[PDB]
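Protein chains in written order, with the deposited numbering: chain B, 3 to 306; chain A, 2 to 306.
Since the structure comes first, as structure tokens, the remarks are kept for the end.
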Amino acid sequence: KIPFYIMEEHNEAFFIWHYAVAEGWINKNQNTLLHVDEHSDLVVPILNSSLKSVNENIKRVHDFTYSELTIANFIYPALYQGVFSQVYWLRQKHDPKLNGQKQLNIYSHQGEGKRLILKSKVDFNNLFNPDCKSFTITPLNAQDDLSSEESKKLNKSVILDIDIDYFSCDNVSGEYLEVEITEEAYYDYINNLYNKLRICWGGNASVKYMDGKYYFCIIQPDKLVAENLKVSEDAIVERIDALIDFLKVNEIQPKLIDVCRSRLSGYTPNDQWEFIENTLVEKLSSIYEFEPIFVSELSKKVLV
Amino acid sequence: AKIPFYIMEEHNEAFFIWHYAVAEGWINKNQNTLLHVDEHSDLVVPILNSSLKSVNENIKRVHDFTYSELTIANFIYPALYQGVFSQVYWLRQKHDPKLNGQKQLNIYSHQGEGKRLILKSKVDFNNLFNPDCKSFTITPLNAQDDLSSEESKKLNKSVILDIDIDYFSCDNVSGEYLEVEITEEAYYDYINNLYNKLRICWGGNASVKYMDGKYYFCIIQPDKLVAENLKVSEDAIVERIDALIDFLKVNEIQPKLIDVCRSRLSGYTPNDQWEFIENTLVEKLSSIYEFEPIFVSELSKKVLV
Ligand SMILES: [Mg+2]
Ligand SMILES: [Mn+2]
Ligand SMILES: [Mn+2]
Ligand SMILES: [Mn+2]
Ligand SMILES: [Mn+2]
């Protein structure tokens, strides 16, 4: 049986990886992240906690995961800790400019493990620096014919990290961020000349009134440049089958599989997420042996 | 002849002052130089709800737009798109070493509507004779720079002296700190729900706080202690004001309009220094220029009548 885990939001993947190392399902380091997602999740985080200290025990990892980790900044931390030595990002259609391997290195400011710094060329000072980790991020497609040399390089301690929004996505519902505010806060935003929030926070940011309630729209997606990434149930099935073929052809045997719904964040359509998860698990069960366990089960063992 | 001199609280108000200066005829409609003396570039490209073509119609319209869609960092490119300035010179204490020489840039609006601004490094073939497309330069400067006669000649044309007092002494941590009053429901969902969208999207870059029976959502800097401190001493401030006054004398700068921004309500200028910086700056500017400083409120007064 392959360890198989399902989470609501992607930051939880960090907790699952460290749990797997603790139980010994995957190795301490030199693992491969097969990151199957519409988004790269390669935001370089600044953290309050040192990633050196977070690693010590699983209870500390759990608290960090649901505190400082976002749904787009959870990979570079795992790379800085040396959990993965190479990342393969699988997408429906990649940007044309970005193609082939990318030789990168990550270190923290003054070795504190708080402010991560990304570089293409390894600095002379970071030569034989334990803080500095070298790795490669590669853009792949499910329809890519992979060479015998490239196939060998990918197939080393593989973690199959799948976000359901890979198959069908809604960036408009996903990007949109709001918080309910008081009438006093709403009024000051519009009418106060020097309301810091209006004149210091740009983009599409706004305040709105609905149902006798007030909201600060922190982030509104640009609907003019928004692509229609929501596809039919047939297109989803086709896309899931294409992933199975990529895994079959490259003879991928994961040491850990994790699935992210991304339906509470709204990136996966709310009327599809059940169909995509159910169909994926069915299709994954045809080539792999596993028992799907919800991430809550891991939390309960840690909290007690 | 006195130089029109206007003091404002926040930098978005500069846009209003520039268009007022055009309407009165203190400066020309176009081909002005923006001498931008500030710690921050204020070169955010804004996507707007109002067309910048329509905003320019009358001064009331400009005033409404300034206190609506503008931020303290996106007020320059709208003025460049409207053709108010043909070149910007950014005066900073210490620039990025990579940033050298004049940057040949052009700005145009999506479909010529004047709502969505698009910034480019080279003029697109379609925008070669397009009157919606404006060509300009943005150049870094230092107060210690000795300009050539060719350089000084190029720069010293219809100058607007645009000073943000955060150039002399700055606090980016105080300036970047934002908080908004939220409801009980919003506060307790953030606290109890692990999948609350504010939590999972922003993590340690945001937080919530309870103060005097009220709830706030706060945008915060993680590892705040390690963040840079640009707050300097009064002596350093005086030395830096003298350095500017010397640069203005040496290059024989005679501004058609001076505007000063406090940035103390936004908190970019330290609250214990802003009065000292402003008073010293105005005192040492009067040693090389003749003017009577007027607060931006007096301009707003006339428009709303
Ligand atoms: Mg706005
Ligand atoms: Mn993801
Ligand atoms: Mn995703
Ligand atoms: Mn400014
Ligand atoms: Mn400034």
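Where is the CB? At the ideal position from N, CA and C, for every residue including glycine.
Extent of the continuous beta strand (DSSP E) run through B:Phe169 = Element bounds for B:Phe169: n/a, residue is neither H nor E.
Would you tell me roughly how many angstroms separate the C-alpha atoms of A:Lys232 and A:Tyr168, rounded to the nearest one?
-> 10 Å
Anticipated Cβ contact below 8 Å, A:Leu44 with A:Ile73, distance rounded = So it is not a contact: roughly 12 Å between Cβ atoms.
So is A:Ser267 in contact with chain B if we call contact Cβ pairs under 9 Å?
-> yes
Chain B beta carbons: is any one of them nearer than 9 Å to that of A:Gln222?
-> yes
Interface residues of chain B facing A:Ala15 [CB-CB closer than 9 Å] | Per Cβ cutoff of 9 Å: no residues; A:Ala15 is ~12 Å from chain B at best.
Can at least three beta-carbon pairs, one atom from the stretch 219-237 of chain B and one from the stretch 200-208 of chain B, be found at a separation below 8 Å?
-> yes
Who are the Cβ neighbours of A:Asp146 in its own chain at under 8 Å, not counting the five residues just before and after it?
-> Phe248
With respect to the beta strand (DSSP E) encompassing B:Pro294, which residues constitute its N-terminal and C-terminal limits?
-> 292-296
Please list, following the chain, all residues that have a C-beta closer than 7 Å to any non-hydrogen atom of ligand 4.
-> A:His12, A:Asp39, A:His41, A:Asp43, A:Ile73, A:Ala74, A:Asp165, A:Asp167, A:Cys262, A:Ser264
Run down chain A in chain order and give the residues with a C-beta less than 8 Å from the C-beta of B:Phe248.
-> Within 8 Å Cβ-Cβ: nothing; B:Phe248 doesn't reach chain A, min ~28 Å.
Do the stretch 188-202 of chain A and the stretch 286-300 of chain A meet, that is, are 3 or more Cβ pairs less than 8 Å apart?
-> no
Straight-line Cα distance separating A:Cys262 from A:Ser55 | 26 Å
If you measure from the CB of B:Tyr269, is any heavy atom of ligand 3 nearer than 8 Å?
-> yes
Quick one: is the Cβ of B:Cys134 within less than 8 Å of any heavy atom of ligand 3?
-> no
What residues in the stretch 189-223 of chain A have a beta carbon less than 7 Å from any beta carbon of chain B?
-> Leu195, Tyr196, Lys198, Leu199, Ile201, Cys202, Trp203, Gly204, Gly205, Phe218, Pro223
Going along the chain, which residues of its own chain have a beta-carbon closer than 7 Å to the beta-carbon of A:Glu114, five neighbours each way excluded?
-> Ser52
Relative to the C-alpha of B:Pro132, which residue among B:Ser110, B:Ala237, B:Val283 is closest?
-> B:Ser110
What's the C-alpha gap between A:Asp39 and A:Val160?
-> 16 Å
Figure out for me which residue from B:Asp273, B:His41, B:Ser301, B:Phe16 has the closest Cα to the Cα of B:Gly84.
-> B:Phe16
Inside the stretch 83-138 of chain B only - beta strand (DSSP E) runs reaching at least 3 residues = 86-92, 104-110, 118-121
Just the chain B side, please: which residues come within less than 8 Å of A:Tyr68 by C-beta, in chain order?
-> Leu195
Any heavy atom of ligand 3 closer than 8 Å to the CB of B:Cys171?
-> yes
DSSP state of B:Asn33 mapped onto helix, strand, coil | strand
Could you have a look at A:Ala24 and say whether DSSP puts it in helix, strand or coil?
-> helix
Inter-residue spacing [alpha-carbon to alpha-carbon] between residue 346 of chain A and A:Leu300 = The requested residue 346 of chain A is not part of the displayed model; chain A covers only 2 to 306.
Can you tell me which of A:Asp163, A:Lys99, A:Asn143 puts its alpha carbon nearest to the alpha carbon of A:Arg93?
-> A:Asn143
State yes or no: is the beta carbon of B:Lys116 nearer than 9 Å to at least one beta carbon in chain A?
-> yes
Terminal residues of the beta strand (DSSP E) in which B:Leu179 lies = 179-183
Contacts of A:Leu179 in chain B (Cβ-Cβ under 9 Å) = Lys198, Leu199, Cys202, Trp203
Drop a sphere of 10 angstroms on the beta-carbon of B:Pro47, count the other beta-carbons inside from all chains shown, and report buried for 16 or more, exposed for fewer.
-> buried
Anything in the stretch 256-289 of chain B with a Cβ closer than 9 Å to a Cβ of chain A? List those residues in chain order, please.
-> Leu266, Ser267, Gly268
Neighbour flag for A:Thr72 against chain B, beta carbons, 9 Å | yes
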